[PDB]
4 protein chains.
Amino acid sequence: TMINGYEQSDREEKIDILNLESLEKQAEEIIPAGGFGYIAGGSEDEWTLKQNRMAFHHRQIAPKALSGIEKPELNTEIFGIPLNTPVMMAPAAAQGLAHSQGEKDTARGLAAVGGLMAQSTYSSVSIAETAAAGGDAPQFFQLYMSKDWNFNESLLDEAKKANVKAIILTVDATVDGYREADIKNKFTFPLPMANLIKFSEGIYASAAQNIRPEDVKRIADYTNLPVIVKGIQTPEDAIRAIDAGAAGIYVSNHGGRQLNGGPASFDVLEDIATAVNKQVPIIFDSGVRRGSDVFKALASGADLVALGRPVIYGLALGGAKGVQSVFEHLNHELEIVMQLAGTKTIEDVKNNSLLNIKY
Amino acid sequence: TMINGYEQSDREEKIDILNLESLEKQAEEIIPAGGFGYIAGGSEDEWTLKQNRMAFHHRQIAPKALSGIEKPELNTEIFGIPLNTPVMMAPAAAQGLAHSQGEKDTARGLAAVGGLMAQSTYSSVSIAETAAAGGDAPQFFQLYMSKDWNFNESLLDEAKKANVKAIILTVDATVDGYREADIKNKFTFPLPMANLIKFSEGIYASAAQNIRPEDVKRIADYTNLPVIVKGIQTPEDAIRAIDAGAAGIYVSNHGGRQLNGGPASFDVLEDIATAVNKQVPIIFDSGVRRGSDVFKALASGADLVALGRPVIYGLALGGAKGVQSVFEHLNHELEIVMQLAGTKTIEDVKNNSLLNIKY
Amino acid sequence: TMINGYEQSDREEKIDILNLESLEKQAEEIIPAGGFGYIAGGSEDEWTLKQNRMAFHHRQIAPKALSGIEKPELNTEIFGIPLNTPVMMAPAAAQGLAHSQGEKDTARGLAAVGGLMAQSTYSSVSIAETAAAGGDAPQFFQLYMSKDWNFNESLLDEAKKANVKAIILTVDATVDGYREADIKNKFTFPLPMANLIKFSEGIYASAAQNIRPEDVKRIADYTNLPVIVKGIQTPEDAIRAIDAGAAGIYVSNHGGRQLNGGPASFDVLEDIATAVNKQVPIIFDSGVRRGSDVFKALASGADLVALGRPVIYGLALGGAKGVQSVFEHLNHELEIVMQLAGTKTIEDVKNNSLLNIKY
Amino acid sequence: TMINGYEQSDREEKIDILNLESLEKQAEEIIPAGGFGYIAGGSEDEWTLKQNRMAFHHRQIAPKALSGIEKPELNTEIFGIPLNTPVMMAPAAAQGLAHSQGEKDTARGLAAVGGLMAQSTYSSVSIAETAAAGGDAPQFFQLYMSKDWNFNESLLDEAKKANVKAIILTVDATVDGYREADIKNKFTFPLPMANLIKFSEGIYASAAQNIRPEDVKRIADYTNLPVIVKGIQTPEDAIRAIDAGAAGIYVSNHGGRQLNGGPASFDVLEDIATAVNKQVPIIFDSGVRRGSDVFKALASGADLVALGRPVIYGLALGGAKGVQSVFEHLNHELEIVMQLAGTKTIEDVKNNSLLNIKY
Ligand SMILES: Cc1cc2nc3c(=O)[nH]c(=O)nc-3n(C[C@H](O)[C@H](O)[C@H](O)COP(=O)(O)O)c2cc1C
Ligand SMILES: Cc1cc2nc3c(=O)[nH]c(=O)nc-3n(C[C@H](O)[C@H](O)[C@H](O)COP(=O)(O)O)c2cc1C
Ligand SMILES: Cc1cc2nc3c(=O)[nH]c(=O)nc-3n(C[C@H](O)[C@H](O)[C@H](O)COP(=O)(O)O)c2cc1C
Ligand SMILES: Cc1cc2nc3c(=O)[nH]c(=O)nc-3n(C[C@H](O)[C@H](O)[C@H](O)COP(=O)(O)O)c2cc1C
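Residues numbered from 1 in each chain as written, not as in the entry; some residues may be left out. Chains lettered and ligands numbered in written order. Heavy atoms only, no water. Residues with missing side-chain atoms left out of burial classes, pairs and counts.

X-ray crystallography is the method the PDB entry states for this structure, with the resolution given as 2.60 Å.

A. Local environment of the overall build of chain A. If you tally the helices and strands in chain A, you get 14 helices and 12 strands. For a compact globule of 359 residues, the expected C-alpha radius of gyration is about 21 Å, and chain A comes in at 19 Å, within 12% of that figure. Taken over the C-alpha atoms alone, chain A extends approximately 65 × 45 × 40 Å along its principal axes. (Helix = DSSP H or I, 4+ residues; strand = E, 2+ residues; numbered from the N terminus. Rg over C-alpha atoms; globule rule 2.2 N^0.38 Å.)

B. Fine view of the relation of the copies chain C and chain A. Here chain C sits on chain A after a turn of 90° about the axis and a move of 0.0 Å along it, with an RMSD of 0.0 Å. Seen this way, the second copy is the image of the first under a four-fold rotation axis. (Least-squares fit on C-alpha atoms.)

C. Structural view of the site of ligand 1. Residues and elements named next belong to chain A. In the vicinity of ligand 1 lie 23 residues, with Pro91, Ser120, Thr170, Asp285 and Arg289 positioned nearest. One nitrogen or oxygen atom from the main chain of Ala93 is found 2.9 Å from a nitrogen atom belonging to ligand 1. Within the complex, 99% of the 610 Å² of free accessible area of ligand 1 lies under protein. Listed by contribution, the elements that provide at least two residues to the shell around ligand 1 are helix 2 (33-40) and helix 13 (309-341). Counted by class, the shell around ligand 1 contains nine nonpolar, nine polar and five charged residues. (Near = heavy atom within 4 Å. Polar contact = N/O pair within 3.5 Å; in protein donor to acceptor, adjacent residues only side chain to side chain. Areas by Shrake-Rupley, 256 points an atom, 1.4 Å probe, with all protein chains shown as cover. Nonpolar A, V, L, I, M, F, W, Y, C, P; charged D, E, K, R; others polar.)

D. Region of the structure containing helix 13 (residues 309-341) of chain C. All names here are of chain C. Relative to the 48 Å expected for 33 residues at 1.5 Å per residue, helix 13 spans just 28 Å between its end C-alpha atoms, considerably shorter than the ideal helical length. Burial runs high along helix 13: 29 of the 33 residues are buried. At the exit of helix 13 stands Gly342, carrying a positive phi of roughly 75°. (Expected span 1.5 Å × (residues − 1). Buried < 20%, exposed > 50% of the residue type's maximum accessible area, 1.4 Å probe, protein only.)

E. Molecular detail of the interface of chain C and chain A. On the side of chain A, 37 residues touch chain C, which itself brings 33 residues to the contact. Counting each side, the surface lost to burial between chain C and chain A is near 2,800 Å², with a carbon and sulfur contribution of 62%. At the junction of chain C and chain A, the tally comes to two salt bridges. The residue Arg290 of chain C makes a salt bridge to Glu180 of chain A at a minimum N-O spacing of 2.7 Å. Linking chain C with chain A are 17 residue pairs in polar contact, by the criterion used here. Breaking the side of chain C that touches chain A down by element, the ones donating at least two residues are helix 12 (291-300) and helix 13 of chain C. (Contact = heavy atoms within 4.5 Å. Buried area = accessible area lost by both parts, 1.4 Å probe. Salt bridge = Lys/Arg side-chain N within 4 Å of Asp/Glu carboxyl O.)

F. Local environment of the interface of chain B and chain A. In this complex, chain B contributes 37 residues to the contact, which on the side of chain A involves 33 residues. Here chain B and chain A share an interface that buries about 2,800 Å² over both sides, 62% of which is from carbon and sulfur atoms. Seen at the junction of chain B and chain A, the total is two salt bridges. Put simply, chain B and chain A have 17 residue pairs in polar contact between them. Elements with a minimum of two residues in the side of chain B that touches chain A: helix 3 (47-54), helix 7 (180-185), helix 9 (213-223), strand 9 (227-232), helix 10 (235-243) and helix 11 (265-276) of chain B.

G. Highlighting the packing of aromatic side chains. One pass over the full model with this rule turns up 52 aromatic pairs over all chains. Aromatic pair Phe187 of chain C and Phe189 of chain C: ring centres 5.6 Å apart, planes at 65°, arrangement edge-to-face. The class for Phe187 of chain C is buried, based on a relative accessible area of 18%. Judged by relative accessible area, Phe189 of chain C falls into the partly exposed class, the value being 26%. Through pairs of rings, three or more aromatic residues link up here, namely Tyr38, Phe187 and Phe189 of chain A. Over the aromatic face of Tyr38 of chain A sits the side chain of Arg257 of chain A, whose NZ or CZ is 5.1 Å from the ring centroid. The aromatic ring of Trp149 of chain C is capped on one face by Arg218 of chain C, whose charged end is 3.9 Å from the ring centroid. (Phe/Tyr/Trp six-rings, centres within 6.5 Å; stacked < 30°, edge-to-face > 60°. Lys NZ or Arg CZ within 6 Å of the ring centre and 35° of its normal.)

H. Spotlight on helix 12 (residues 291-300) of chain B. All names here are of chain B. Across the 10 residues of helix 12, 10 count as buried, placing the element largely inside the fold. All buried positions along helix 12 are accounted for by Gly291, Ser292, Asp293, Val294, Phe295, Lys296, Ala297, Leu298, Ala299 and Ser300. Backbone geometry just after helix 12 places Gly301 at a positive phi near 130°.

I. Spatial organisation of the site of ligand 4. Residues and elements named next belong to chain D. Near ligand 4, the surroundings consist of 23 residues, among which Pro91, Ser120, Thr170, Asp285 and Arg289 are the closest. One of the side-chain N or O atoms of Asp285 is found 2.6 Å from an oxygen atom in ligand 4. Relative to its unbound accessible surface of 610 Å², ligand 4 loses 98% to contact with the protein. Of the residues assigned to the shell around ligand 4, the class counts are nine nonpolar, nine polar and five charged.

J. Seen up close, the environment of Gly261 of chain A. Inspection of the secondary structure assignment puts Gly261 of chain A in the loop between strand 10 (248-251) and helix 11 (265-276). On the basis of relative accessibility, which here comes to 5%, the residue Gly261 of chain A falls in the buried class. The residues contacting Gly261 of chain A, other than those within four sequence positions of it, are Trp47 and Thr48 of chain A together with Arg59, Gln60, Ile61, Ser292 and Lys296 of chain C.

K. Representation of the pattern of salt bridges. The full count for this structure, using the stated rule, is 64 salt bridges over all chains. When the shortest N-O distance is used, the salt bridge between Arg218 of chain B and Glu153 of chain B registers 3.2 Å. According to the relative accessible area criterion, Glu153 of chain B is partly exposed, its value standing at 26%. Of the charged contacts in the structure, one is a salt bridge between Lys350 of chain C and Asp303 of chain C, with a shortest N-O distance of 2.7 Å.

L. Layout of the UniProt feature "binding site: glyoxylate" (unreviewed entry) in chain A. All names here are of chain A. Mapped onto this numbering, the UniProt entry gives "binding site: glyoxylate" (unreviewed entry) at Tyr38, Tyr144, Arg179, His254 and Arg257. With relative accessibility at 13%, the residue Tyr38 sits in the buried group. With residues up to four places along the chain from it excluded, the contact list for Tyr38 reads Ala93, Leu97, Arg179, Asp182, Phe187, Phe189 and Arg257. Inspection of the secondary structure puts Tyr144 in the loop between strand 7 (139-143) and helix 6 (149-161). Overall, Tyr144 belongs to the buried group, its relative accessible area being 9%. If sequence neighbours within four positions are ignored, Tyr144 has contacts with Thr121, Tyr122, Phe151, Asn152, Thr170, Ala173, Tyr204 and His254. (UniProt positions renumbered as here; feature names shortened; annotations may be inferred.)

M. Highlighting unusual backbone geometry. Although it is not a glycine, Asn224 of chain B sits at a positive phi angle of roughly 60°. Classification of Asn224 of chain B by relative accessible area gives exposed; the value is 66%.

N. Spotlight on the nonpolar core. Residues and elements named next belong to chain D. One finds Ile167, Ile249, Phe284 and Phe295 to be the most contacted residues of the largest nonpolar core, which totals 101 residues. If one sorts the elements of this core by residue count, helix 13 (residues 309-341) sits on top with 16 residues. Discounting residues that sit within four places of it in the chain, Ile167 has contacts with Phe141, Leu143, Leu156, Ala159, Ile219, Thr223, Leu225, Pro226, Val227 and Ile228. (Core = buried A, V, L, I, M, F, W, Y, C linked by side-chain atoms within 4.5 Å.)

Put into structure tokens, the structure is as follows:
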């Protein structure tokens, strides 16, 4: 399939996954060079991108002897919504760069593993189509605010009509990071932005760079849904968001694509969780690839753990069944760790105390 | 020699050893690719495998000036049993992957250097044959528990009949780690499991994933032998094992094959030893390759130091005499360190205070 | 253009800059080998050169959520002089090695972005020509003291006549560092030193190796301009300079060209700033290449941030417009960071608290 | 020149030295493979060899602003003996491996720069010839003790007759380290041991492995010379040596050739110096190659700084004039650092306070 001379994947098949990191070298044979650069890249020298991986080495999981547990269970809840896994899809623009079906194959994959999907404002496919593809699989919607509230109120209405269970407000992207891969490729989006086209019938730069605490109160009061602030990297900011009416905190550095020279996401998670003190659920992302990565995030104060790039690569390699493969593989790796660590349930993982030796 | 199309080594000869690490590149020319992958591999990205080596850099041995010692002695005891060396063979499944004689050549090698051998439940050769090959060389037996106690009680009987002096209960392998090399090779064991075949006349997944402290009391009461819990990586768990009736603690992370993202074995040894406070002997393994590695383990709270992979490589390269070469080489390296450090006996090494500079 | 068989650049054009580090590999295709070695090199094994880059990893910038700022402003002042950017040109000898126009194209570049230029005593072009090229763009003059005060007083007079707004006294170069690249190239300056030729009508070794605190008082009293001591790497020395009559402190290790085995410039900045306690403005250089580098310097106690090598490379690649490109690129990168960090103005960046996690 | 089929260097010429590290790659083109391996090698995996270099990164030299010093002076004294440099020749066996003249060209080199030479028991050339070649240049003699005191007393007599000013007792080599290069090369010394041949007319294994504190008292009482214990790596051992009658402490790990897994020599220097509290002079070696290395050793508690390998390489490349070149080059690098650091004399370097940032 082509769209303005860009080759999109049409694959639909389970994929043999060695691990999630190795999906990147595999996806690069099939995703056009400019789109691939767009997905894999981070900002400046990609130091924060690299540290997002390294930082998991900063804590260690104790093997547990004589636990008396078998057959660990991945099931959990958020805002009373049941999930089969604590692993979820992070909001990710322009999945049409990977596959002709784009976000619809993502939604089907997530529905297949009973996991949570976050839709992006900057989707290749509209809110209604993506929610329709997912059936009754729970979805969140991620809003990029306009200076224009007529636009904000229209997308929130479309989201409410689609039965989304929460709004993610993304606040760490008021401007694009300096992304060298997009500059080298002279990359321009070859396909359209469904939700923007639709507003237009009744990029980062109408968006709003100026975002205040009153804007969280306002979205909460309009939607009457739980609102989650995404991009938090400090305790003070988690407190400030809860004070303004947030129902959750999404600890993220946008996969190292924004403020390069900021810390690895993992390294600020426990501090934020200590400040939040279980007042609201916490979602965590940026650098998650192995079962041990997920275990450590849950043990450090996360309730849910989101991936971005590994899923987009799986979407290119296998469409809906590709996405499914990604979540099944990470679930497998996480089950192994939970057994060896003596954590029966996801609540046991959160109560687990990590070692802090310096390597 | 062949067995279901798998080439086994028939070599029997002393081997020139530069060092134990270099045995891996040498063994790979002769062990079939899938078996080699099975032996060399660790779990996930093998970070814990790598750290098992690195962690020895975390403490340093003081050269001692004017010690007034010569001709250091490697002799020691466990449970009143005399050994010529504190270096022992860790329990290791399926030595038939390296050599037609498998565990029998291992047993002969260990008998030749007056060292202790641990037999594995998942041996290529039965308990009785392995004990027969070793003559009067002391051996331990390593049990993988079944949900079925009729099976546990049969292997413990076979072990008692073979004059084993202790039981090792291995508790860190209730499920296989995620081992990428076995997945890449599509590796299936080409040869049988002697002790299982024998039960069947009157893999990790009858075994028992649920292991409790009462199961240590039970094995001790049945066998009336000392029981050693293997896979301990925390002080709390060493205490919990002693409380349940363990006669020893085997500090091990299974050579980095299980819970990847757990600490290097060496890094938790001194803490465990401080908690144990010489109430019971301690065995230590995972990453041991040089004389200084052994010295540091003994100085940090070990009574015995076990190897796995370096011996299996030596078995492939030289059978019984190959195994012997491995233990003679490590003994040489350890004698040098003991002389330069001013430790006359193995008890002097345990009383040695290591430096803790950060490199 | 040639001068004693040395090829000089004549280019005049905007340059596409991926980033400032990548200018070095680009400049090397066009600057003759010996001149290139002179510019890129540091002293001994260049460990201090390398650490000047690494040390920026020692602190991290917090992304700020819900800042309520847009359109950050780069404007600032020193000694009441308005600048469009806190990024300035460090004093740098012999720009004729890069371009036929030398320091004149530098001056024009800096005037184009409304930034501050420091002239060097060891210029290819005289004080008067360089100041003439810059028009009304503010410039400082960097003095290398002679044992002969008749020479000092002549250059300070030439500087005063050119309307320079301050004197930089450089005290970290009483002897050349051991620079291996100059030894390998057998490098001899192929072009003359304008300000020295001019004195001679009415290298490091008349200069003065013995520099005292009375020499700062003396230059201040003669010129009646603010005097800034450059090369400070300790709090005690910043205090000693202020005590002797310095109006500013220039934290610098001369781009790792002098005392190899001394600390990275960044690593002593906050200590010096704590001791100085805003008594005088602070200029910072050595290893600055990205927006995050500049943000971190300002946040750690700098008022201005100077570059050397990246500008010289830009001068070779594009003359006046090349230099301009360098400052526009670093300004862009700095604007992005300021937006994501929630710092509206340059005073907000100085009030920003950096994270101190260990990587 | 040949000796039992081994090619020896006959060169006599000043050598162009980029730096001391680069002498190793240059010497390897001319020294036969087995001899080269003997000189360059360390023990086990050479980790301690590597750290001897790395550890100099653990402290940093402050550039000093406004010092008011010029023309730094390298002159010093030990036991009232004047030297032109604090850089000295460490005792080094078998210099005949590098050059037909062996230790005689070393002695002439050291006499040319007014530096101190240590002779080795295991010299290619006798005590009397080496002392004769050096003229009135001060020399020390390094004793390897025999179980036989008739041998000890004969070499000490030969040393006293040669006007040596002190005895070094080397105590860190009671057995050879495990040196892999000598094992790979099947290396056997192709030339004789002059001082042993001479005893025989009226390797490490008659020597004495058992060395006590009474043996220091005994050598001091017999020779009536100052006795220096070499190989000290702990404060306790420096105290124990002073208690037994040592007149100096030689902090050394034998260039990383002995106890691999022991600390870098530099890392224990300040502790030893704090314990010694200037009761006796301290000599320091193992990993010294740059001016900054020497400055840091002096600043950390050394009185003299010895080299081994860099001199042996220089002896191969240029004989007497080669050795001279090595000491002149390191003197140059040290003069530069002393000027930039504001240390006029060698006593000023010892009073210098190093920075301790972690890199
Ligand atoms: C190609 C791509 C598009 C993205 N689009 C969005 C987006 O529209 N909204 C958003 O809030 N975050 C976006 N992100 C950030 C992700 O939500 C998430 O924080 C990140 O991808 C997690 O890091 P990982 O890719 O290493 O797992 C995007 C990330 C990628 C790689
Ligand atoms: C090929 C192989 C088979 C093993 N089989 C067993 C086993 O059957 N039982 C057990 O308790 N440990 C087993 N182990 C773990 C070892 O007992 C030991 O902890 C490990 O090999 C030590 O690390 P090293 O190989 O670096 O020395 C095995 C290890 C290897 C490499
Ligand atoms: C080629 C070159 C010439 C220099 N000339 C001078 C000079 O004449 N006076 C001076 O005070 N500093 C001089 N410096 C040091 C710079 O002022 C500045 O401290 C340094 O270049 C900053 O490090 P950077 O090049 O990594 O940004 C020079 C540096 C270079 C690379
Ligand atoms: C080839 C060689 C021979 C040596 N011979 C002796 C010796 O006979 N006696 C001794 O006390 N130390 C000996 N050493 C150790 C040196 O005295 C010194 O501690 C070491 O070479 C310093 O480290 P460096 O080579 O990195 O500078 C020798 C070292 C080398 C490399």
